[PDB]
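Every read-out reported here was derived from the displayed coordinates using simple, explicitly stated rules and does not represent laboratory data. Here the Cβ is made from the backbone with ideal geometry for all residues, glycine too, and neighbour counts use every protein chain on show.
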Number of protein chains: 2
Amino acid sequence: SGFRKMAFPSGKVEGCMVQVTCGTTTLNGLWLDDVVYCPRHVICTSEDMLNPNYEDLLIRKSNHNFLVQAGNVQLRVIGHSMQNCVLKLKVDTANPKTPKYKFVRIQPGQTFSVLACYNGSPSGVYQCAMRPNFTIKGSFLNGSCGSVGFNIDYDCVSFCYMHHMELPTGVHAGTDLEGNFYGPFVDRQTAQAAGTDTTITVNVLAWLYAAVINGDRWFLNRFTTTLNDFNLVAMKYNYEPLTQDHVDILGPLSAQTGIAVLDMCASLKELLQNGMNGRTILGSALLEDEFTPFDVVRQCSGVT
Amino acid sequence: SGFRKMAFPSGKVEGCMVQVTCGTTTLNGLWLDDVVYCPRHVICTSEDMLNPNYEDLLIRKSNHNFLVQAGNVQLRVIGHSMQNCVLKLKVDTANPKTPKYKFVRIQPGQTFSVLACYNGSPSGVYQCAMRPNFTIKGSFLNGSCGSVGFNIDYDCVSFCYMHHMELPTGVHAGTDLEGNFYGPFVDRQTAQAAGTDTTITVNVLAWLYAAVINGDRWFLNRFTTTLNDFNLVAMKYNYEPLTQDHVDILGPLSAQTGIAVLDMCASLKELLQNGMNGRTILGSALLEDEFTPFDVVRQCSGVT
Ligand SMILES: COc1ccccc1OC1CN(C(=O)c2cc(=O)[nH]c3ccccc23)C1
Ligand SMILES: COc1ccccc1OC1CN(C(=O)c2cc(=O)[nH]c3ccccc23)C1
């Protein structure tokens with residue numbers, strides 16, 4: 001029993017973190033096989049970030065200008081290329097600690113673990129979600145760029161995020177490992193405002209199922225609803241519309257608890273309309289939306 | 001910017017997790033040097049747990065009855081001993097991945113990371129705190145015993161917790177790595193109820209400082225208070241009394257924000273008396289108490 005915001009064990013990813021320095025800029029790189037991936041803004045000065053022409057800036061850089069250090073040892077850079085917003089630095093040594101890995105591009109609502117790093121050294125691990133506005137609510141300071149987001153399926157690490165920037169509102173933007181930003185964000189110091197940060201309805205419902213599994217049942221009511229009726233309420237509360245795909249995804253949690261998905265929707269509808277009344281659910285006074293249905297099943301079953 | 005419930009990178013501890021089986025019971029062990037530490041209840045059947053005489057049960061066990069497996073490979077047990085509520089299984093091979101380590105006994109209010117494991121394999125990592133009633137609010141299922149809690153200071157892992165049991169209320173109890181339970185708990189299936197789970201005041205204040213550092217400042221007010229006046233309110237709200245030692249510990253956060261500790265106490269006093277009014281602080285609708293002042297400084301400075 002108990003339900004925590006749990007991250008994947010970070011060891012497999014710690015073994016991939018390196019420091020990348022270009023000129024006076026130092027950030028993190030991800031070393032997989034003989035390639036080190038890092039944000040292309042490592043080549044920029046603070047003045048360059050206002051309106052950078054990455055292709056032009058990159059012309060002034062040679063392999064020897066990219067200093068890559070894995071622990072206390074230097075890696076030899078034998079090639080470099082830009083792929084979208086990431087640089088790929090080919091090194092002469094394959095990372096001996098390279099885990100089985102995939103590069104995946106996640107959809108909003110999906111969760112992942114972040115290993116926050118500074119100077120190629122891991123500082124902490126936390127769980128977050130790709131928000132519906134394509135930002136993440138992370139915890140990143142100066143030097144954190146190049147820190148990665150990932151999921152683990154037994155022994156395969158699926159990298160889904162590389163950290164690039166922080167918007168003025170304190171939220172974060174980054175790319176997949178192909179260098180494509182999530183959402184409309186660009187690696188420039190310009191006016192970039194995030195859209196509405198809607199609540200991930202399917203994740204809230206999964207977390208309500210986790211609450212029932214873990215004994216918190218005060219919010220269960222005598223009502224039901226329809227997808228259309230629920231969605232009228234969801235729209236009013238800036239929640240994402242619930243689809244039949246989401247209902248199907250909640251099937252296993254509905255089966256485990258014996259609570260029909262639409263009955264849980266009616267409980268969530270009442271919580272939205274009436275509030276919590278000073279009560280808590282799984283130690284939270286708000287409806288938590290950064291646990292997917294897969295996360296709830298995983299945590300409640302003990303997948304290693 | 002941003003503030004997350006962050007755990008330490010778990011790699012150093014993943015390298016220590018093994019599976020320990022005695023008879024039909026399987027749980028986790030911690031392999032450091034040539035010793036594997038695990039809960040002594042690995043020798044019990046479910047019927048034994050009602051009123052176990054561990055010394056008597058242990059007489060029926062020999063080294064060859066303790067099956068220790070590190071990954072897919074078996075470790076040879078050449079000795080065994082009971083120290084309080086843990087067993088120490090001496091193996092013939094030192095763990096090659098043994099990090100620099102210490103065994104520490106933490107005080108209530110202190111936080112640590114837990115690497116939840118099943119069958120010697122890590123499943124997830126989360127952050128928690130030793131509660132003032134000596135329970136932890138973890139996330140543990142069948143087979144999680146022997147999972148450990150730790151802190152990391154650069155390259156030294158200070159192990160502080162080993163998981164032993166879950167109380168009927170869904171909260172957890174365990175020992176330090178010397179086998180002494182935190183609090184009054186015993187490794188028996190008997191009526192053991194937890195005491196008042198008071199709020200760790202000094203941690204709430206640290207988290208309010210984190211909120212100011214990260215831009216959430218709506219709760220700052222025009223008032224101040226004294227330690228004695230604040231403590232009258234703290235007692236009423238089941239908060240731990242704030243001492244001058246706690247005020248001194250908050251000194252660096254007070255210096256960083258320019259907000260005197262007693263002024264922050266007055267803001268916390270108003271939040272307790274008036275509530276949040278549907279507002280949030282660092283994405284929470286309740287006052288968070290599982291970040292110590294050291295955690296706040298660490299997260300806000302980027303210690304690796
Ligand atoms: C002027 O630099 C940029 C401007 C616009 C875009 C990118 C720029 O650079 C990169 C951003 N980054 C950081 O280190 C960083 C990332 C972060 O998430 N939080 C921070 C908090 C405080 C100070 C820095 C950061 C480098
Ligand atoms: C009957 O066993 C005990 C009774 C009293 C005391 C100890 C007993 O054993 C040990 C407890 N433990 C577990 O695996 C466990 C630990 C946990 O934190 N959560 C659980 C949830 C569901 C099922 C089991 C657990 C073994």
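Two decimals, Cα atoms only, Kirkwood Rh: what is Rg/Rh over the range B:198-301?
Numbers: Rg = 12.2 Å, Rh = 13.4 Å.
A ratio of 0.91.
Among B:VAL171, B:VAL68, B:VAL13, which one moves the most in a GNM of chain B with springs linking Cα atoms closer than 10 Å?
Highest fluctuation among the options: B:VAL171.
To one decimal place, what Kirkwood hydrodynamic radius in Å is obtained for the range A:1-58 from all pairs of distinct Cα atoms?
Values: mean 1/r = 0.0720 Å⁻¹.
Taking the inverse mean of 1/r over all distinct Cα pairs, the range A:1-58 comes out at 13.9 Å.
Rounded to whole Hz and in sequence order, give me ³J(HN,Hα) for the range B:222-235 from the Karplus expression 6.51 cos²θ - 1.76 cosθ + 1.60, θ = phi - 60°, writing x for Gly and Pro.
8, 10, 10, 8, 10, 4, 5, 5, 4, 5, 4, 5, 4, 4
Report, for B:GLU178, each distance to the same residue's label point in the other copies, shortest first and in nm; define the point 7 Å along Cα→Cβ.
Result for B:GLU178, in nm, nearest copy first: 5.7.
Considering all projection directions equally, how large on average is the shadow of the alpha-carbon convex hull of the range A:17-163, in square nanometres? Let's see the in-between values first.
Working: hull surface 35.4 nm².
Convex hull of Cα atoms, orientation-averaged projection: 8.9 nm².
Compute from the Cα atoms of the range A:84-164 the Rg and the Dmax, the latter being the longest Cα-Cα distance, and quote both in angstrom.
13.2, 40
If the chain between A:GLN273 and A:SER81 were fully stretched, how many nm would it gain, using 0.36 nm times the residue separation less the Cα-Cα distance?
On the way: separation 192, 0.36 × 192 = 69.12 nm, distance 5.28 nm.
Gain on extension, A:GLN273 to A:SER81, equals 63.8 nm.
Using the C-alpha gyration tensor of the range B:55-126, what are the square roots of 5 times its eigenvalues, in whole angstrom, with the largest one first? List each step's numbers first, then the result.
Values: eigenvalues 125, 68, 35 Å².
Semi-axes, largest first: 25, 18, 13 Å.
Note the distances from B:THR98 to each other copy's matching label point, with points 7 Å along the Cα-to-beta-carbon direction, in nm, sorted shortest first.
Shortest to longest, the spacings are 3.3 nm.
Treating the point 7 Å from Cα along Cα-beta-carbon as the label, what are the nm separations from A:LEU50 to the other copies, to one decimal?
Those label-point separations list as 7.9 nm.
Quick check on the range B:15-99: what are the equivalent-ellipsoid semi-axes from the Cα gyration tensor, as sqrt(5λ), descending, whole Å?
Numbers: eigenvalues 98, 29, 25 Å².
Here the semi-axes work out to 22, 12, 11 Å.
Between A:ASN203, A:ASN238, A:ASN119, which gets the highest mean-square fluctuation from a Gaussian network model of chain A, Cα cutoff 10 Å?
Between A:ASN203, A:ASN238, A:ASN119, it is A:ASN238 that shows the largest mean-square fluctuation.
Calculate the spin-label point distance for A:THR280 paired with A:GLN192, positioning each point 7 Å from the Cα along the beta-carbon direction, and give it in nanometres.
So the label points at A:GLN192 and A:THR280 sit 3.7 nm apart.
Rounded to the nearest 0.05, what FRET efficiency is calculated for A:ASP92 and A:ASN51 with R0 set to 45 Å and r the Cβ-Cβ distance?
On the way: r = 35 Å, r/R0 = 0.78.
So, using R0 = 45 Å, E works out to roughly 0.80.
Which far-off residues, 5 or more places away or on another chain, put their amide H under 5 Å from the one on A:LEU115, with H placed in the peptide plane?
For A:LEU115, the qualifying residues are A:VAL148.
Per residue, how big is the convex hull around the C-alpha atoms of chain B? Give it to me in cubic angstrom, could you? Please list the in-between numbers first.
Details: hull volume 40.0 nm³, N = 304.
Given the Cα convex hull of chain B, per-residue volume reads 132 Å³.
Quick one: in the protein assembly as shown, what % of C-alpha pairs are over 32 Å apart? Could the numbers behind the result be given before it?
Details: 94044 of 184528 pairs.
Above the 32 Å cut-off, the protein assembly as shown has 51 percent of its Cα pairs.
Bin width 10 Å, alpha-carbon pairs only: give the P(r) of the range B:86-243 as whole percents, running from 0 to the bin holding the largest distance.
9, 32, 31, 19, 7, 2, 0
Can you report the principal axis dimensions of the range A:206-262 using only the alpha carbons, biggest first, rounded to whole angstrom?
29, 23, 18
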